[PDB]
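Following: one structure in structure tokens, then a few remarks.
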Amino acid sequence: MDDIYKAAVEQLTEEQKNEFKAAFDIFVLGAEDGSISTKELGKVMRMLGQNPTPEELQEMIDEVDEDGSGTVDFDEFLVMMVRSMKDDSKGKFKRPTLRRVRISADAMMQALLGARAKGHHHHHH
Ligand SMILES: NCCCCCCNS(=O)(=O)c1cccc2c(Cl)cccc12
Ligand SMILES: [Ca+2]
């Protein structure tokens, strides 16, 4: 990924990396290679209530696939989380376009992370 994103991944503390790593494992749940691909990508999207097609799944991976690997590995999935975090920027001018569907990284992470304790009423989630 980008040098900046790469640094961001390394910057994350043990807890931060562990927190993100949880999504990676869940994302590649059953993944033979262990990386997140379109098949795995769609699985996570389904959990979030999204059902993107294979074409969309590959495109989504490309977003975090600077190397054009086509898949989101441990370092790649971390970049996605970092990308959304950016310099504390969210954006609201994007509006529904060239997609019509917007999924927040934080919301997605909670969907994947929220599979153990709590999750019934968030509360400090
Ligand atoms: N404010 C949100 C920041 C934008 C970055 C999130 C991307 N938003 S996204 O809809 O393209 C998206 C959602 C969930 C998982 C994704 C995976 Cl595993 C790969 C690629 C895209 C993914
Ligand atoms: Ca990659």
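In the structure tokens, the first chain shown is A, the next is B, and so on; residue numbers restart at 1 for each chain, and ligands run from 1 in the order shown.
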Neighbours of segment 22-30 of chain A within 8 Å (only C-alpha atoms; same-chain residues fewer than 3 positions away dropped), as a compact mmCIF listing (two decimals) with N, CA, C and O atoms, in the first residue's frame?
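Resulting contents of selection.txt:
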# COMPACT_ATOMS: atom_id res chain seq x y z
N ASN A 18 -4.27 -5.41 17.07
CA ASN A 18 -5.07 -6.57 17.44
C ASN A 18 -6.54 -6.34 17.11
O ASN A 18 -7.22 -7.24 16.61
N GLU A 19 -7.02 -5.13 17.38
CA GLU A 19 -8.41 -4.79 17.11
C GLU A 19 -8.70 -4.92 15.62
O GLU A 19 -9.73 -5.48 15.22
N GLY A 34 -5.84 -16.91 3.35
CA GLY A 34 -5.88 -16.14 4.58
C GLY A 34 -6.10 -14.66 4.30
O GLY A 34 -6.30 -13.86 5.22
N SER A 35 -6.08 -14.29 3.02
CA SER A 35 -6.28 -12.90 2.63
C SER A 35 -7.76 -12.66 2.32
O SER A 35 -8.53 -13.61 2.16
N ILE A 36 -8.16 -11.39 2.25
CA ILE A 36 -9.55 -11.06 1.97
C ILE A 36 -9.76 -10.83 0.48
O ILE A 36 -9.21 -9.91 -0.10
N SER A 37 -10.58 -11.69 -0.13
CA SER A 37 -10.86 -11.58 -1.56
C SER A 37 -12.31 -11.18 -1.78
O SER A 37 -13.01 -10.82 -0.85
N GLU A 40 -14.66 -13.49 0.18
CA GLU A 40 -14.63 -13.11 1.58
C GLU A 40 -15.21 -11.71 1.78
O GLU A 40 -15.90 -11.45 2.76
N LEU A 41 -14.92 -10.83 0.83
CA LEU A 41 -15.40 -9.45 0.89
C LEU A 41 -16.92 -9.42 0.91
O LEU A 41 -17.52 -8.72 1.72
N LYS A 43 -18.89 -11.76 1.84
CA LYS A 43 -19.37 -12.33 3.09
C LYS A 43 -19.50 -11.25 4.17
O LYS A 43 -20.54 -11.15 4.84
N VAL A 44 -18.47 -10.45 4.32
CA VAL A 44 -18.50 -9.38 5.31
C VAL A 44 -19.58 -8.36 4.96
O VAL A 44 -20.30 -7.89 5.83
N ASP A 73 -5.01 -8.35 2.12
CA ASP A 73 -4.35 -9.15 3.14
C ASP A 73 -4.34 -8.42 4.48
O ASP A 73 -5.07 -7.44 4.66
N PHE A 74 -3.53 -8.90 5.42
CA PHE A 74 -3.45 -8.28 6.74
C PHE A 74 -3.07 -6.81 6.64
O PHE A 74 -3.73 -5.94 7.21
N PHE A 77 -5.92 -4.86 4.67
CA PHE A 77 -7.12 -4.59 5.42
C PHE A 77 -6.87 -3.45 6.42
O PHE A 77 -7.75 -2.63 6.69
N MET A 109 -16.38 -2.27 10.94
CA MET A 109 -15.50 -2.88 11.94
C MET A 109 -16.32 -3.39 13.11
O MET A 109 -16.07 -4.48 13.62
N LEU A 112 -18.00 -6.64 12.33
CA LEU A 112 -17.09 -7.78 12.39
C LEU A 112 -16.63 -8.02 13.83
O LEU A 112 -16.59 -9.16 14.30
N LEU A 113 -16.27 -6.94 14.52
CA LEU A 113 -15.81 -7.03 15.89
C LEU A 113 -16.94 -7.48 16.81
O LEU A 113 -16.74 -8.26 17.74
Considering only C-alpha atoms and all ligand atoms, tabulate each residue of chain A that lies at most 12 Å from ligand 2 along with its nearest interatomic pair and the corresponding distance in Å to one decimal; arrange the rows by chain and ascending residue number and present them as a tab-separated table.
residue	atom	partner	partner_atom_place_in_ligand_line	distance
A:1	CA	ligand 2	1 (Ca)	7.2
A:2	CA	ligand 2	1 (Ca)	10.9
A:6	CA	ligand 2	1 (Ca)	11.9
A:35	CA	ligand 2	1 (Ca)	8.8
A:36	CA	ligand 2	1 (Ca)	9.1
A:37	CA	ligand 2	1 (Ca)	9.6
A:58	CA	ligand 2	1 (Ca)	11.1
A:59	CA	ligand 2	1 (Ca)	12.0
A:60	CA	ligand 2	1 (Ca)	11.4
A:61	CA	ligand 2	1 (Ca)	7.8
A:62	CA	ligand 2	1 (Ca)	7.7
A:63	CA	ligand 2	1 (Ca)	9.5
A:64	CA	ligand 2	1 (Ca)	6.9
A:65	CA	ligand 2	1 (Ca)	4.2
A:66	CA	ligand 2	1 (Ca)	6.4
A:67	CA	ligand 2	1 (Ca)	5.4
A:68	CA	ligand 2	1 (Ca)	6.0
A:69	CA	ligand 2	1 (Ca)	4.1
A:70	CA	ligand 2	1 (Ca)	5.9
A:71	CA	ligand 2	1 (Ca)	5.0
A:72	CA	ligand 2	1 (Ca)	5.0
A:73	CA	ligand 2	1 (Ca)	6.0
A:74	CA	ligand 2	1 (Ca)	9.0
A:75	CA	ligand 2	1 (Ca)	7.9
A:76	CA	ligand 2	1 (Ca)	5.5
A:77	CA	ligand 2	1 (Ca)	8.6
A:78	CA	ligand 2	1 (Ca)	10.9
A:79	CA	ligand 2	1 (Ca)	9.9
A:80	CA	ligand 2	1 (Ca)	10.9
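Using only C-alpha atoms, the protein and nucleic acid residues lying no more than 12 Å from residue 124 of chain A, apart from those fewer than 5 places from it along its own chain, are residues 110, 114, 118 and 119 of chain A.
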Exercise. Could you tell me which of A:14, A:103, A:56, A:20 comes closest to ligand 1 if we count only C-alpha atoms and all ligand atoms?
Key: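 Ranked by minimum distance to ligand 1, first place goes to A:103.
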So which residues of chain A fall under alpha helix (DSSP H) by DSSP, listed as an mmCIF file with N, CA, C and O atoms, in the first residue's frame?
data_model
loop_
_atom_site.group_PDB
_atom_site.id
_atom_site.type_symbol
_atom_site.label_atom_id
_atom_site.label_comp_id
_atom_site.auth_asym_id
_atom_site.auth_seq_id
_atom_site.Cartn_x
_atom_site.Cartn_y
_atom_site.Cartn_z
ATOM 1 N N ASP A 3 3.092 4.388 1.264
ATOM 2 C CA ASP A 3 4.078 4.484 2.335
ATOM 3 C C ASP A 3 3.433 5.047 3.594
ATOM 4 O O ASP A 3 3.691 4.575 4.701
ATOM 5 N N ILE A 4 2.586 6.045 3.416
ATOM 6 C CA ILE A 4 1.893 6.652 4.547
ATOM 7 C C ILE A 4 1.005 5.618 5.234
ATOM 8 O O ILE A 4 1.041 5.471 6.457
ATOM 9 N N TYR A 5 0.218 4.896 4.443
ATOM 10 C CA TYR A 5 -0.663 3.877 4.993
ATOM 11 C C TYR A 5 0.158 2.792 5.670
ATOM 12 O O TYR A 5 -0.208 2.293 6.737
ATOM 13 N N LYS A 6 1.279 2.442 5.053
ATOM 14 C CA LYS A 6 2.159 1.424 5.614
ATOM 15 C C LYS A 6 2.635 1.859 6.993
ATOM 16 O O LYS A 6 2.629 1.072 7.943
ATOM 17 N N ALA A 7 3.037 3.120 7.097
ATOM 18 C CA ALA A 7 3.499 3.663 8.364
ATOM 19 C C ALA A 7 2.369 3.655 9.386
ATOM 20 O O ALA A 7 2.583 3.360 10.561
ATOM 21 N N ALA A 8 1.164 3.981 8.930
ATOM 22 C CA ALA A 8 0.005 4.017 9.816
ATOM 23 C C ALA A 8 -0.225 2.658 10.454
ATOM 24 O O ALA A 8 -0.521 2.561 11.645
ATOM 25 N N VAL A 9 -0.080 1.610 9.660
ATOM 26 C CA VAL A 9 -0.273 0.262 10.167
ATOM 27 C C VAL A 9 0.751 -0.043 11.257
ATOM 28 O O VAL A 9 0.419 -0.610 12.299
ATOM 29 N N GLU A 10 2.000 0.338 11.002
ATOM 30 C CA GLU A 10 3.077 0.109 11.959
ATOM 31 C C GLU A 10 2.903 0.996 13.190
ATOM 32 O O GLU A 10 3.317 0.636 14.292
ATOM 33 N N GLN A 11 2.295 2.162 12.989
ATOM 34 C CA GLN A 11 2.073 3.105 14.082
ATOM 35 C C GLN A 11 1.075 2.548 15.092
ATOM 36 O O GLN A 11 1.223 2.746 16.297
ATOM 37 N N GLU A 14 -0.263 -2.273 19.923
ATOM 38 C CA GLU A 14 -0.613 -3.685 19.970
ATOM 39 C C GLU A 14 -2.129 -3.860 19.985
ATOM 40 O O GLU A 14 -2.676 -4.662 19.229
ATOM 41 N N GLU A 15 -2.808 -3.098 20.840
ATOM 42 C CA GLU A 15 -4.261 -3.180 20.925
ATOM 43 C C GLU A 15 -4.903 -2.741 19.612
ATOM 44 O O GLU A 15 -5.850 -3.368 19.139
ATOM 45 N N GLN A 16 -4.385 -1.663 19.025
ATOM 46 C CA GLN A 16 -4.927 -1.162 17.766
ATOM 47 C C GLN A 16 -4.774 -2.197 16.655
ATOM 48 O O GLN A 16 -5.720 -2.474 15.920
ATOM 49 N N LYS A 17 -3.581 -2.775 16.551
ATOM 50 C CA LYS A 17 -3.318 -3.786 15.538
ATOM 51 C C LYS A 17 -4.177 -5.020 15.799
ATOM 52 O O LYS A 17 -4.749 -5.598 14.878
ATOM 53 N N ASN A 18 -4.268 -5.411 17.069
ATOM 54 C CA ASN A 18 -5.066 -6.573 17.445
ATOM 55 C C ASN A 18 -6.536 -6.342 17.109
ATOM 56 O O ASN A 18 -7.217 -7.239 16.609
ATOM 57 N N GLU A 19 -7.020 -5.134 17.385
ATOM 58 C CA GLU A 19 -8.409 -4.793 17.107
ATOM 59 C C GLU A 19 -8.703 -4.918 15.617
ATOM 60 O O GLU A 19 -9.726 -5.480 15.220
ATOM 61 N N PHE A 20 -7.801 -4.395 14.797
ATOM 62 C CA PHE A 20 -7.968 -4.457 13.347
ATOM 63 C C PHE A 20 -7.769 -5.880 12.843
ATOM 64 O O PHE A 20 -8.473 -6.339 11.940
ATOM 65 N N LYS A 21 -6.793 -6.571 13.420
ATOM 66 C CA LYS A 21 -6.496 -7.930 13.010
ATOM 67 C C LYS A 21 -7.724 -8.821 13.162
ATOM 68 O O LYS A 21 -7.903 -9.780 12.412
ATOM 69 N N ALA A 22 -8.565 -8.499 14.138
ATOM 70 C CA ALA A 22 -9.770 -9.280 14.378
ATOM 71 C C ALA A 22 -10.651 -9.266 13.133
ATOM 72 O O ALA A 22 -11.199 -10.297 12.738
ATOM 73 N N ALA A 23 -10.766 -8.098 12.508
ATOM 74 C CA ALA A 23 -11.561 -7.966 11.294
ATOM 75 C C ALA A 23 -10.932 -8.772 10.168
ATOM 76 O O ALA A 23 -11.629 -9.415 9.386
ATOM 77 N N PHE A 24 -9.605 -8.738 10.098
ATOM 78 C CA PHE A 24 -8.886 -9.478 9.064
ATOM 79 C C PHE A 24 -9.196 -10.963 9.134
ATOM 80 O O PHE A 24 -9.529 -11.580 8.127
ATOM 81 N N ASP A 25 -9.086 -11.529 10.329
ATOM 82 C CA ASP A 25 -9.356 -12.946 10.513
ATOM 83 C C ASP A 25 -10.797 -13.276 10.134
ATOM 84 O O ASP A 25 -11.056 -14.238 9.410
ATOM 85 N N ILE A 26 -11.728 -12.468 10.626
ATOM 86 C CA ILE A 26 -13.141 -12.675 10.331
ATOM 87 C C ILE A 26 -13.399 -12.479 8.843
ATOM 88 O O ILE A 26 -14.148 -13.233 8.222
ATOM 89 N N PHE A 27 -12.771 -11.460 8.269
ATOM 90 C CA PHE A 27 -12.936 -11.177 6.851
ATOM 91 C C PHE A 27 -12.498 -12.368 6.007
ATOM 92 O O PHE A 27 -13.184 -12.753 5.063
ATOM 93 N N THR A 38 -12.750 -11.252 -3.032
ATOM 94 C CA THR A 38 -14.124 -10.903 -3.358
ATOM 95 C C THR A 38 -15.106 -11.812 -2.628
ATOM 96 O O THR A 38 -16.107 -11.343 -2.086
ATOM 97 N N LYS A 39 -14.819 -13.109 -2.610
ATOM 98 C CA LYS A 39 -15.697 -14.058 -1.936
ATOM 99 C C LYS A 39 -15.806 -13.708 -0.451
ATOM 100 O O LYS A 39 -16.906 -13.604 0.104
ATOM 101 N N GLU A 40 -14.661 -13.489 0.179
ATOM 102 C CA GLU A 40 -14.634 -13.112 1.584
ATOM 103 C C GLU A 40 -15.209 -11.715 1.777
ATOM 104 O O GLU A 40 -15.896 -11.445 2.764
ATOM 105 N N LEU A 41 -14.916 -10.831 0.828
ATOM 106 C CA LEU A 41 -15.396 -9.455 0.893
ATOM 107 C C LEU A 41 -16.915 -9.422 0.912
ATOM 108 O O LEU A 41 -17.523 -8.723 1.723
ATOM 109 N N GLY A 42 -17.518 -10.186 0.017
ATOM 110 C CA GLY A 42 -18.972 -10.252 -0.063
ATOM 111 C C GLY A 42 -19.556 -10.778 1.242
ATOM 112 O O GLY A 42 -20.588 -10.301 1.705
ATOM 113 N N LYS A 43 -18.888 -11.762 1.839
ATOM 114 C CA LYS A 43 -19.365 -12.333 3.092
ATOM 115 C C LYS A 43 -19.504 -11.254 4.169
ATOM 116 O O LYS A 43 -20.538 -11.147 4.836
ATOM 117 N N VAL A 44 -18.466 -10.445 4.322
ATOM 118 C CA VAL A 44 -18.497 -9.375 5.308
ATOM 119 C C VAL A 44 -19.578 -8.363 4.958
ATOM 120 O O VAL A 44 -20.304 -7.891 5.828
ATOM 121 N N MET A 45 -19.675 -8.035 3.676
ATOM 122 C CA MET A 45 -20.670 -7.074 3.220
ATOM 123 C C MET A 45 -22.079 -7.566 3.536
ATOM 124 O O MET A 45 -22.950 -6.781 3.914
ATOM 125 N N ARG A 46 -22.295 -8.865 3.385
ATOM 126 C CA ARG A 46 -23.600 -9.449 3.660
ATOM 127 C C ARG A 46 -23.953 -9.230 5.123
ATOM 128 O O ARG A 46 -25.100 -8.948 5.464
ATOM 129 N N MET A 47 -22.952 -9.351 5.984
ATOM 130 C CA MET A 47 -23.170 -9.152 7.411
ATOM 131 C C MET A 47 -23.611 -7.718 7.694
ATOM 132 O O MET A 47 -24.431 -7.470 8.578
ATOM 133 N N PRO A 54 -19.710 -9.685 -7.417
ATOM 134 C CA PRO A 54 -18.266 -10.038 -7.548
ATOM 135 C C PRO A 54 -17.454 -8.902 -8.161
ATOM 136 O O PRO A 54 -16.346 -8.610 -7.717
ATOM 137 N N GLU A 55 -18.021 -8.258 -9.178
ATOM 138 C CA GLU A 55 -17.342 -7.145 -9.831
ATOM 139 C C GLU A 55 -17.100 -6.023 -8.829
ATOM 140 O O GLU A 55 -16.017 -5.444 -8.774
ATOM 141 N N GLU A 56 -18.112 -5.730 -8.028
ATOM 142 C CA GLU A 56 -17.997 -4.688 -7.015
ATOM 143 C C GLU A 56 -17.023 -5.122 -5.926
ATOM 144 O O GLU A 56 -16.273 -4.309 -5.384
ATOM 145 N N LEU A 57 -17.052 -6.411 -5.600
ATOM 146 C CA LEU A 57 -16.182 -6.947 -4.564
ATOM 147 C C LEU A 57 -14.713 -6.752 -4.931
ATOM 148 O O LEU A 57 -13.897 -6.373 -4.090
ATOM 149 N N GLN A 58 -14.380 -7.008 -6.192
ATOM 150 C CA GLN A 58 -13.003 -6.855 -6.646
ATOM 151 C C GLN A 58 -12.612 -5.377 -6.657
ATOM 152 O O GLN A 58 -11.494 -5.017 -6.292
ATOM 153 N N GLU A 59 -13.544 -4.528 -7.066
ATOM 154 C CA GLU A 59 -13.291 -3.093 -7.103
ATOM 155 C C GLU A 59 -13.040 -2.564 -5.690
ATOM 156 O O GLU A 59 -12.146 -1.738 -5.469
ATOM 157 N N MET A 60 -13.828 -3.050 -4.737
ATOM 158 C CA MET A 60 -13.682 -2.623 -3.349
ATOM 159 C C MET A 60 -12.295 -2.983 -2.840
ATOM 160 O O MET A 60 -11.653 -2.188 -2.152
ATOM 161 N N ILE A 61 -11.828 -4.169 -3.205
ATOM 162 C CA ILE A 61 -10.497 -4.611 -2.804
ATOM 163 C C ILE A 61 -9.430 -3.739 -3.455
ATOM 164 O O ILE A 61 -8.407 -3.429 -2.845
ATOM 165 N N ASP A 62 -9.679 -3.347 -4.698
ATOM 166 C CA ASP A 62 -8.737 -2.513 -5.437
ATOM 167 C C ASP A 62 -8.504 -1.202 -4.700
ATOM 168 O O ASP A 62 -7.416 -0.628 -4.760
ATOM 169 N N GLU A 63 -9.532 -0.729 -4.007
ATOM 170 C CA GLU A 63 -9.421 0.526 -3.270
ATOM 171 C C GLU A 63 -8.271 0.449 -2.269
ATOM 172 O O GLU A 63 -7.523 1.414 -2.092
ATOM 173 N N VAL A 64 -8.127 -0.705 -1.631
ATOM 174 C CA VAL A 64 -7.055 -0.904 -0.659
ATOM 175 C C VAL A 64 -5.943 -1.741 -1.279
ATOM 176 O O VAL A 64 -4.960 -2.080 -0.618
ATOM 177 N N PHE A 74 -3.529 -8.900 5.420
ATOM 178 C CA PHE A 74 -3.454 -8.284 6.744
ATOM 179 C C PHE A 74 -3.068 -6.805 6.643
ATOM 180 O O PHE A 74 -3.727 -5.937 7.210
ATOM 181 N N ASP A 75 -2.004 -6.528 5.910
ATOM 182 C CA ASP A 75 -1.547 -5.152 5.742
ATOM 183 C C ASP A 75 -2.550 -4.336 4.925
ATOM 184 O O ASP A 75 -2.749 -3.147 5.168
ATOM 185 N N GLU A 76 -3.167 -4.985 3.943
ATOM 186 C CA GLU A 76 -4.140 -4.316 3.085
ATOM 187 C C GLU A 76 -5.406 -3.940 3.851
ATOM 188 O O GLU A 76 -5.923 -2.834 3.698
ATOM 189 N N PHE A 77 -5.920 -4.860 4.670
ATOM 190 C CA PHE A 77 -7.124 -4.587 5.421
ATOM 191 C C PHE A 77 -6.869 -3.450 6.420
ATOM 192 O O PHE A 77 -7.751 -2.626 6.688
ATOM 193 N N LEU A 78 -5.650 -3.407 6.960
ATOM 194 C CA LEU A 78 -5.282 -2.360 7.911
ATOM 195 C C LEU A 78 -5.316 -0.994 7.244
ATOM 196 O O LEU A 78 -5.752 -0.008 7.843
ATOM 197 N N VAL A 79 -4.856 -0.948 6.002
ATOM 198 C CA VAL A 79 -4.831 0.298 5.243
ATOM 199 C C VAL A 79 -6.248 0.826 5.073
ATOM 200 O O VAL A 79 -6.490 2.020 5.234
ATOM 201 N N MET A 80 -7.187 -0.064 4.757
ATOM 202 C CA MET A 80 -8.570 0.349 4.591
ATOM 203 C C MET A 80 -9.057 1.070 5.838
ATOM 204 O O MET A 80 -9.655 2.142 5.750
ATOM 205 N N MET A 81 -8.791 0.489 7.001
ATOM 206 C CA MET A 81 -9.211 1.111 8.251
ATOM 207 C C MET A 81 -8.523 2.462 8.426
ATOM 208 O O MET A 81 -9.145 3.451 8.818
ATOM 209 N N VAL A 82 -7.235 2.494 8.115
ATOM 210 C CA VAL A 82 -6.451 3.726 8.217
ATOM 211 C C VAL A 82 -6.936 4.762 7.209
ATOM 212 O O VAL A 82 -6.997 5.955 7.505
ATOM 213 N N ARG A 83 -7.265 4.297 6.007
ATOM 214 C CA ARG A 83 -7.730 5.188 4.950
ATOM 215 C C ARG A 83 -8.978 5.941 5.402
ATOM 216 O O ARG A 83 -9.078 7.154 5.219
ATOM 217 N N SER A 84 -9.922 5.219 5.998
ATOM 218 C CA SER A 84 -11.150 5.844 6.474
ATOM 219 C C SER A 84 -10.848 6.837 7.593
ATOM 220 O O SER A 84 -11.470 7.895 7.681
ATOM 221 N N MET A 85 -9.894 6.485 8.449
ATOM 222 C CA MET A 85 -9.525 7.349 9.565
ATOM 223 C C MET A 85 -8.844 8.619 9.056
ATOM 224 O O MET A 85 -9.089 9.718 9.564
ATOM 225 N N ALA A 105 -16.380 2.622 7.535
ATOM 226 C CA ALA A 105 -15.401 1.650 8.000
ATOM 227 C C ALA A 105 -15.642 1.326 9.470
ATOM 228 O O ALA A 105 -15.630 0.163 9.865
ATOM 229 N N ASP A 106 -15.885 2.357 10.268
ATOM 230 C CA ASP A 106 -16.142 2.157 11.688
ATOM 231 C C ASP A 106 -17.346 1.247 11.883
ATOM 232 O O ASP A 106 -17.311 0.318 12.691
ATOM 233 N N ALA A 107 -18.404 1.514 11.131
ATOM 234 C CA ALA A 107 -19.615 0.708 11.218
ATOM 235 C C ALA A 107 -19.321 -0.739 10.825
ATOM 236 O O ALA A 107 -19.788 -1.678 11.470
ATOM 237 N N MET A 108 -18.534 -0.905 9.768
ATOM 238 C CA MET A 108 -18.164 -2.236 9.295
ATOM 239 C C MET A 108 -17.324 -2.978 10.334
ATOM 240 O O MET A 108 -17.521 -4.170 10.570
ATOM 241 N N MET A 109 -16.376 -2.267 10.940
ATOM 242 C CA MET A 109 -15.500 -2.876 11.935
ATOM 243 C C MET A 109 -16.319 -3.386 13.114
ATOM 244 O O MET A 109 -16.072 -4.476 13.623
ATOM 245 N N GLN A 110 -17.304 -2.596 13.527
ATOM 246 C CA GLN A 110 -18.172 -2.993 14.633
ATOM 247 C C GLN A 110 -18.946 -4.254 14.272
ATOM 248 O O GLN A 110 -19.151 -5.131 15.111
ATOM 249 N N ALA A 111 -19.373 -4.341 13.017
ATOM 250 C CA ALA A 111 -20.123 -5.502 12.553
ATOM 251 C C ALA A 111 -19.275 -6.762 12.670
ATOM 252 O O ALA A 111 -19.770 -7.823 13.056
ATOM 253 N N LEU A 112 -17.995 -6.642 12.328
ATOM 254 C CA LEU A 112 -17.092 -7.783 12.391
ATOM 255 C C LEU A 112 -16.626 -8.021 13.828
ATOM 256 O O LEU A 112 -16.588 -9.160 14.296
ATOM 257 N N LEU A 113 -16.271 -6.937 14.518
ATOM 258 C CA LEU A 113 -15.811 -7.030 15.895
ATOM 259 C C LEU A 113 -16.945 -7.475 16.809
ATOM 260 O O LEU A 113 -16.739 -8.255 17.738
#
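Between ligand 1 and the residues A:116, A:125, A:94, A:102, the shortest atom-to-atom distance, using only C-alpha atoms and all ligand atoms, involves A:102.
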Quiz item: Smallest atom-to-atom distance to ligand 1: which of A:117, A:31, A:51, A:101, using only C-alpha atoms and all ligand atoms?
Solution: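 The answer is A:101, which sits nearest to ligand 1.
Picture a line from atom 2 (C, counted along the ligand's line) of ligand 1 to atom CA of residue 88 of chain A; it runs 10.9 Å.
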Quiz prompt | Residue nearest ligand 1 - candidates A:93, A:104, A:123, A:87, atoms counted: only C-alpha atoms and all ligand atoms | solution = A:104
Self-check item: Length of the atom CA of residue 89 of chain A to atom 16 (C, counted along the ligand's line) of ligand 1 vector [Å]
Solution: 17.5 Å
Quiz item: For ligand 1, which of A:33, A:90, A:99, A:12 is the closest residue, counting only C-alpha atoms and all ligand atoms?
Solution: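 Among the listed residues, A:90 lies closest to ligand 1.
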Exercise. Using only C-alpha atoms and all ligand atoms, find the one residue out of A:121, A:115, A:86, A:97 that sits nearest to ligand 1.
Key: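 Of A:121, A:115, A:86, A:97, the one nearest ligand 1, counting only C-alpha atoms and all ligand atoms, is A:86.
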